[PDB]
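Report on one structure; see the data block that follows.
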Amino acid sequence: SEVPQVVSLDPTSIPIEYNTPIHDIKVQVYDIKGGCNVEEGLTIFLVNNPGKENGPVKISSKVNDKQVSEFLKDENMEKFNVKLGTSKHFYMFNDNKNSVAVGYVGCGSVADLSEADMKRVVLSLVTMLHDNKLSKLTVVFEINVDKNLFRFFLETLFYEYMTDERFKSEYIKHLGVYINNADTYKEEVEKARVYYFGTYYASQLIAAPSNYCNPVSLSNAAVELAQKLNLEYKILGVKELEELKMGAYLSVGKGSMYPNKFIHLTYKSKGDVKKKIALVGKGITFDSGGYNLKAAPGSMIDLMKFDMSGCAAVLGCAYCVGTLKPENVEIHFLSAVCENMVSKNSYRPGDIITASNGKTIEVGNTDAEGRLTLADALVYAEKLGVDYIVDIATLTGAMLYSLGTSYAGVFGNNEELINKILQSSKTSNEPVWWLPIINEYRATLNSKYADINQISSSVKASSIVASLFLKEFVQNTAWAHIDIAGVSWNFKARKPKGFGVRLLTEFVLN
Amino acid sequence: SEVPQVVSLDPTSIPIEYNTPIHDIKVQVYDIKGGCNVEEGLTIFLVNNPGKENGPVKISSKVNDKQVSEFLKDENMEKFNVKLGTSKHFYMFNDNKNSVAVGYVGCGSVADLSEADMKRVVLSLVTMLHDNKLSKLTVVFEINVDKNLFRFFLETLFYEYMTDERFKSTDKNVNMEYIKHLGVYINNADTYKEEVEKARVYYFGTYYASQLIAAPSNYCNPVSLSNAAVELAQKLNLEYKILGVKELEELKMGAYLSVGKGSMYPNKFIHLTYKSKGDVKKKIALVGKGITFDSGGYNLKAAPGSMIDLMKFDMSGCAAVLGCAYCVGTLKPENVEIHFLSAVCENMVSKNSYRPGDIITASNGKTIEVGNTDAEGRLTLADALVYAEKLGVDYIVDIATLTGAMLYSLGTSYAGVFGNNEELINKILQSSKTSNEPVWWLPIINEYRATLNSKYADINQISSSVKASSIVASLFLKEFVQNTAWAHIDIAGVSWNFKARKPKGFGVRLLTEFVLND
Amino acid sequence: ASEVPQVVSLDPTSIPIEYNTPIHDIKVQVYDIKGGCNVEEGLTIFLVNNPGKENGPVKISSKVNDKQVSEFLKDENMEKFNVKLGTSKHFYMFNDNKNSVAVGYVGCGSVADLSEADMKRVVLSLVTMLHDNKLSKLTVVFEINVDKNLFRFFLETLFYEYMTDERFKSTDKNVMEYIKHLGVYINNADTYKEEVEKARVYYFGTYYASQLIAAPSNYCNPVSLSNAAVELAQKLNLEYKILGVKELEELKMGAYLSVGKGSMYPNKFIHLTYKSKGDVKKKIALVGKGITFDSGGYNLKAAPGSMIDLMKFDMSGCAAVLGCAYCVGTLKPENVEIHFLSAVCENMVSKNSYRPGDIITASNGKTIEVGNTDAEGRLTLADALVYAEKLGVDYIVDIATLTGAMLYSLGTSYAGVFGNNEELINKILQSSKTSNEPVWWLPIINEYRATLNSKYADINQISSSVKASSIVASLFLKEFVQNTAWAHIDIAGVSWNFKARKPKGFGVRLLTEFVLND
Ligand SMILES: CC(C)C[C@H](NC(=O)[C@@H](O)[C@H](N)Cc1ccccc1)C(=O)O
Ligand SMILES: CC(C)C[C@H](NC(=O)[C@@H](O)[C@H](N)Cc1ccccc1)C(=O)O
Ligand SMILES: CC(C)C[C@H](NC(=O)[C@@H](O)[C@H](N)Cc1ccccc1)C(=O)O
Ligand SMILES: [Mg+2]
Ligand SMILES: [Mg+2]
Ligand SMILES: [Mg+2]
Ligand SMILES: [Zn+2]
Ligand SMILES: [Zn+2]
Ligand SMILES: [Zn+2]
């Protein structure tokens, strides 16, 4: 509970905004039939041109204002083109002599937008919102979008529009949406708002630097979230962890001034529990690499506050599930939180350590610390007697070379569970790709001295070798592992994505 | 046709062994229910012990010899276990009072062996064949295998047993003599017998690919490699055409010709065709990356771990396609037309080389800005793919040692497949299953396409920002196929067996099963 | 004499060489200290030490035939100065004839036998007194004990360090006059007199090697360096043959030819012979590594510390062998026949170069798999060693700037010697002692042999596992000498004087003492 400080100026909690200006936005969804009213703020049409690449903008919707209708005539609009993400917007007076702004965002020439296309269409909309004092935005869909992609549009808009000023020392109040078949989309709105905040909450924990967000203050934040949502919570400290013989996890934290803290939140439905799930997130608050210091070119030590992204995804999922309250499930949200540091007290390369299932592990590289903490977390998860264990983790830099920055990799011991994850990837619009656990590489983890090696010396397929290592810690339960090392941080925008909150929540709900 | 030389000691063709000692092995398959005769050479039982530890060895088969039968009693065998890859030798006198050698290889406790496990079994078998002058080997299957896995056992035995001595002169070979006979005992032998000569053809297509890949870049160059393809086409009665520089210039193959500019060997584009006698129901083009040495060009392979010493293998894709032409031309499938294509060249450093930054024009008119001369495979493939699509085929499959990133994604065991068509990808995955050459479907992520936008050219050769290079390479190749089902198999990680220091000949069987299944 | 090819008309077509140096004009007079020293024009330096007493006082013990100078040099005046090694002082006074004279001393420390390294320090101090002082004469008075070999070494070193190489100066010549006379006073002078002309010959052989080594690779290429060797043989009346590529192809020297494939200069193999007029009792071949520029080839020297800019020095072995030819041809030993060999070429990057992975055939028929084009010296030496053994000699000794690892093992002062014959290694070590060019015996460790086993060729050029690269090189070379006493001297660490930014001409005196004392 008490956060240790070196100097009195060291922060002792993570600042969190719960009430955000996005929560004050009043959303109305209208059917496009009957025509669109343009009375105030900014109205943006989402427009494509199928086949005709970079073709002219042509607005289909009737607008119940004569001045705006004249602006939206074909001869004016064709001066502009639909190239994905291209936008124009103009101020003008409407029928009432009132100043309105009217424009469009180009949606290209493919009928069905991918999540990546929709993010580009959203960023372009947010740019306008950031550069225009407005009380109201109205968005007219002249493109096809299913219910899930619509919700995704809203979540992305809310998340990209929100700006995080916690460490710095007027938003719209109304959103209107015109869309064909509007009634079918209305239930997405408040679900979007919930998903936005789980994602934004995860984002807040990830962006919070390692002097603010350390094992103590992160577990404290998790307890405060549990209290607000009425989840059961338990934080395990060093003495309990020693009792449980979590030697792999405790070894990683030996070099930190912050004591290890193991987070365990539980959601339990009111009636009968029919499925029990453990979600396990990697929770390294700062990964220096330890004695295997991140000193090689491209090792990105300055980004390593984000190594608790998996833990943050798990907590953002706890917010969504605690809010939406799925029935018939029991969900354990887990993270073995610690920091990986260089000290006289640190574990060393070569050390042999003993995990809570009795397996001795030879440490080949202190920078492969995530798999050690997850080993002990997985043994703990399995002892709960759950139906599914899913872990999420910024585990291997190799992901940038295999899937890159857009799609996370999923590995597991159970194809039905993998297919569930992939379905949740589909409906959350957070992309994941199934990657194999190749048993041929297992022999490269046979240690000469210990029961098992932490790392391969020979195999460069390190995401696969990591999965093989984790698999040794799950004996007889369906388990999947999501490596989010490549996807978690939005390098271009200099901010987290909060990747995985919606994926995991869609998994639990559906 | 004529191989240019710098000095008269420079080789002018690739040595190729067609009749190998493996071809001399007389193979006989007998049904195990008739019992086993143990009169001679070495007799090996393949034994497992299903779901049971490192359980004991117990022989199931009837053995038509009292002496041998007495030796193989459970009591005598109990001291030995079935651990995967272990083996034992026994020695005894048979009813004929003739000494015979008998033993076993352990096949584990899992009732179904993986491709990787079967290879471990075979390697153990080959150890017992090495350093033992034997006229005959007999293998008794006390484990069960489907026809595909039986064929794979034979193909693997043949390939692993064959020793390539083309480049030994003073350092042969002294004690190396092959068995002349192989006997196999298996249940329902009659259904397995067909697999024998199929395995023999598959072994040779893959060993032929291996011979081309292993041949160093002074032997195997664009001229001698295309000369070999011609000789292969002549032997198989395939139609063949090698396009030289003048014809490649006429076809405007600027991306391919740029790559070979700095080489002393003229570019040679290989085009062989197999056509079935009846109705042609399916037309397929198989395209192989054919870089006979990859120095990297002006982006020289000088970085730690860039493996320049290995770059003779950068024509492994072409070798697979030629190995497949051997299998297809030998098995003669019906209903198909198959084009076997490789844009062969060498990637060298010279006053004549293409440079980083050059803008070159592919044969479909797309201008390409070269961002790195070591991304050469995709440039040759771009013009080979334009060529392939002009043939009007149903499927185009390319195979290439294209990106070193494959080592970090799937590693050394599984190849990655990418494509623009789900049906075609699924046909490739099914061929992977039946050839037992492992492949894994990887995505073409369209979000990365924007990073190939060039300020000046129609497209960049490489990404500014994306490190997922195998995916970027796929997005690039996709720009060279307009309206045809296409898949791309990246064999950079799987082609060379780093432990055994020799090619695998990866792809030959996969591509042949693909053609045959269709 | 071949024509040197040029790219532009400004490319040089020969190496400039100075034969008649200012050192050759110096008249040397040796006098016995018992007669007293006469002190007149020029500069008279006493070499003084003080055994026991570190930095002890200077005391001049020789009789000086001049009352004024004797008064000046009395103990009372001299004791304010000390003998610290390399320390020096100048004195000015009027002698008994009222003529001003300059006198001084160099400290030789407090250890009674100076090492080769200590003597070099004394000589460097002496040279600084010669520089920037227009002197007609230097006189040196030995008040330290030196044996005949150390006396000679003093003179060789003095001559070598004093000589300034201005061949490539144009606008920046040192506006530098040399003494015309050198007087030496020493006890038992008659016994040292024979060392004077021997020192003068050894100086020139060393300085000649140095001129070849310092000549840049545009001046000293394989054609111009073999032409210089022809010219030297003509001057000394040695037999000579230069083998060109047609004859090298005929001899099947595939290893040597492969290295040179990338060069615009044809390979030239140098073969000089000295034979004594009497009955020949010993036949010796001296082989020098002759790479006129080592870029690394496709394994380009781009790694930090690869020192590509120093690689004109990669013919230092060849230079030492030609410097030896100079000494031998001049001093004319009896009862011996000596072959001076070098397989000269340039290691370059080109469409024509050999490649990592190429398999090439040496002249003894061994096939060699190229693992790294930057291990080119051992490939040229392989063929030169086969040629050398065919001559029917008693000893083969090669000398080469072969491995960078020498800098990590013995460093910049001692060369390493490896061999297959202890009697011959001991002879080299004895020559090292009497030449004062230090060498240390290093082992050829047979355990590493197995790491040169090639999967395809008869042998690997390089190890993939063993980092002891100098020993691995020696193992590889050993395979090319079948039945003859052989030794190998690796001078990679010792050839270039990094501090002084010039060659040492290392090996000339060592190899000459080897020849003479046999
Ligand atoms: C030594 C390796 C097998 C494991 C090692 N893993 C790690 O360092 C993880 O702890 C890193 N937190 C994963 C990572 C590294 C760089 C960028 C993004 C994400 C890695 O280098 O990938
Ligand atoms: C420049 C890069 C974007 C692409 C580059 N591609 C290449 O170098 C290919 O031409 C190489 N032939 C691929 C390769 C490299 C190392 C081991 C096996 C295979 C690579 O990454 O490997
Ligand atoms: C590839 C390696 C086993 C051998 C390699 N050898 C060479 O490069 C020789 O050809 C070089 N001439 C060795 C050298 C390097 C630096 C300073 C002095 C001498 C070396 O690095 O020493
Ligand atoms: Mg780490
Ligand atoms: Mg390349
Ligand atoms: Mg070299
Ligand atoms: Zn980490
Ligand atoms: Zn390549
Ligand atoms: Zn060299």
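Easy rule for this one: first residue shown is 1, then count along the chain.
In case you wondered, yes, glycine gets a Cβ from its N, Cα and C as well.
Some features that Swiss-Prot has for this protein:
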- A:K282, A:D287, A:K294, A:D307, A:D367: peptide binding site (BINDING)
- A:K282, A:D287, A:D307, A:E369: Zn(2+) 2 binding site (BINDING)
- A:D287, A:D367, A:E369: Zn(2+) 1 binding site (BINDING)
- A:292-309: region 'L13 loop' (REGION)
- A:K294: site 'Essential for hexamer stabilization' (SITE)
- A:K294: active site (ACT_SITE)
- A:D302, A:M304, A:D307: Zn(2+) 3 binding site (BINDING)
- A:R371: active site (ACT_SITE)
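What Swiss-Prot annotates, mapped onto the structure for a quick look.
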residue: A:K282; record: peptide binding site; contacts (Cβ under 8 Å, 6+ apart): A:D307, A:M308, A:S309, A:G310, A:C311, A:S335, A:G370, A:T373, A:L374, A:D391, A:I392, A:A393, A:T394, A:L395
residue: A:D287; record: peptide binding site; contacts (Cβ under 8 Å, 6+ apart): A:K294, A:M304, A:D307, A:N340, A:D367, A:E369, A:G370
residue: A:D302; record: Zn(2+) 3 binding site; contacts (Cβ under 8 Å, 6+ apart): none
residue: A:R371; record: active site; contacts (Cβ under 8 Å, 6+ apart): A:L395, A:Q454, A:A466, A:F469, A:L470
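Take the mean position of the Cβ atoms of A:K282, A:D287, A:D307, A:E369, the recorded Zn(2+) 2 site; other residues of that chain with a Cβ within 8 Å of it are A:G283, A:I284, A:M304, A:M308, A:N340, A:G370, A:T373, A:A393, A:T394, A:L395. With a cut-off of 6 Å between Cβ and the nearest atom of ligand 4, the binding-site residues A:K282, A:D287, A:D367, A:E369 reduce to A:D287, A:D367, A:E369. Sorting each residue of the region 'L13 loop' (A:292-309) by its DSSP state yields 9 helix, 0 strand, 9 coil.
Non-local neighbours of the region 'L13 loop' (A:292-309) in the same chain are 202, 205-210, 213, 218, 281-286, 335, 337, 340, 342, 349, 365-367, 370, 392, 394, 397, 484, 488-489, 496, 499-500; each lies 6+ residues outside the stretch with a CB under 8 Å from one of its CB atoms. Secondary structure at A:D367 (peptide binding site), as computed by DSSP, is coil. In this structure, none of the recorded positions A:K294, A:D302, A:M304, A:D367, A:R371 sits close to ligand 7 with a C-beta under 6 angstroms from any of its atoms. Counting Cβ atoms from all protein chains shown, A:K294 (peptide binding site) has 18 others lying within 10 Å of its own Cβ. Checking the recorded positions A:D287, A:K294, A:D302, A:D307, A:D367, A:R371 against ligand 1, the ones whose Cβ sits under 6 Å from it are A:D287, A:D307, A:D367. Sitting within 8 Å of the Cβ centre of A:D287, A:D367, A:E369, and not among those site residues for Zn(2+) 1, are the Cβ atoms of A:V252, A:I284, A:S288, A:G289, A:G290, A:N292, A:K294, A:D307, A:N340, A:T366, A:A368, A:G370. Looking at A:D307, A:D367, A:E369, the binding-site residues in this record, the fewest other C-beta atoms within 10 angstroms of the C-beta turn up around A:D367. Neighbours of A:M304 (Zn(2+) 3 binding site), defined as other CB atoms within 10 A of its CB across all chains, total 20. Listed recorded positions: A:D287, A:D302, A:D307, A:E369, A:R371. Those with a CB atom under 6 Å from ligand 8: none. Secondary structure from DSSP puts A:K282 (peptide binding site) in coil. In sequence order, A:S210, A:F286, A:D287, A:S288, A:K294, A:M300, A:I301, A:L303, A:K305, A:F306 are the residues of the same chain, not among A:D302, A:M304, A:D307, whose CB sits within 8 A of the CB centroid for the Zn(2+) 3 site. In the three-state DSSP reading, A:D287 (peptide binding site) counts as strand.
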